[PDB]
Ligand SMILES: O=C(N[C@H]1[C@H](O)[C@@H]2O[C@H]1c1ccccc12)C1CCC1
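One chain follows as structure tokens, the form solved without the named molecule.
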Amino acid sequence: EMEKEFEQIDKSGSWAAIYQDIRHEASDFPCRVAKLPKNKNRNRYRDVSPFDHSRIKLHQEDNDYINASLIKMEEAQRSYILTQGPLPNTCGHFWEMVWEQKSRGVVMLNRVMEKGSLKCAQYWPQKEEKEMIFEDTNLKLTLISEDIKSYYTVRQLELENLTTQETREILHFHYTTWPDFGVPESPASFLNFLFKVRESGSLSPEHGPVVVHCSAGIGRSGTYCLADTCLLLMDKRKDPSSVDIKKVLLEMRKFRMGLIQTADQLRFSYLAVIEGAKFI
């Protein structure tokens, strides 16, 4: 049924039109905190900000701001934190958020450099013996092991709160093969990655929300959240064909602006949900 809708949109060539309708219908809420002068260097892109109502607040005392939003999908029963790729001055804030929100997994959808442009800071350690200390937020981060596969890498990180000496294992799920331009021709590897994140236990409601990012935290990150949420809704709804991807995306857009940045990402999302549903 979704596949009938897909073939019809493809045949009529109206992805751009449907995508522009989503842009026009999307929620508009204030982002006053993100736009305060004191937060200018905490934002990677001046045009991508978290709404005040859904922003993640840091708990330490001087400035609570991080460019990150809680996407709480009530019907699907899953929450996600979508955030920009950390900046050189916000890596301590990023790991403070992971600690305070009790997240178990981090999903990264970009390479640190793509087409010779930096998309995010090197915010985790690449060598076991070269741990990172974030002196502003008093956290230590150590690479324990990594499992490098052809299309993604999963890293076992140890995050230590240096104040209390408590440690937690964080799983870093890094999809390394999104194309430099456009979307993947096939959703197969993206879906395999999505199911590996699920299989790891990182999305269990016993943990805090998974932290998802790319460079701005809206495009590829939106595709991941949209596909994961729609697949959940299909497994729960009495009639799985009732899941309307455009409606789900507009729901997500109540929590963070700009999710899904191109008509091609919208088409890819439909394609990933259709193929993933067959798998389940």
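So that there is no doubt, residue numbering starts at 1 and follows the sequence shown.
Here the subject shifts to the form solved in complex with the named molecule, a form of this protein not shown in this document.
**Q** Check residue 59 for me: does it contact the named molecule in the entry with it bound (non-hydrogen atoms, 4.5 angstroms)?
**A** Yes.
**Q** Report yes if any heavy atom of residue 106 sits within 4.5 Å of a heavy atom of the named molecule in the entry with it bound; otherwise report no.
**A** Although the named molecule is absent here, residue 106 would stay clear of it in the entry with it bound, with no heavy atoms inside 4.5 Å.
**Q** Quick one: which residues from 102-138 get a non-hydrogen atom within 4.5 Å of the named molecule in the entry with it bound?
**A** If the 4.5 Å heavy-atom criterion is applied to the named molecule in the entry with it bound, 102-138 yields 136, 137, 138.
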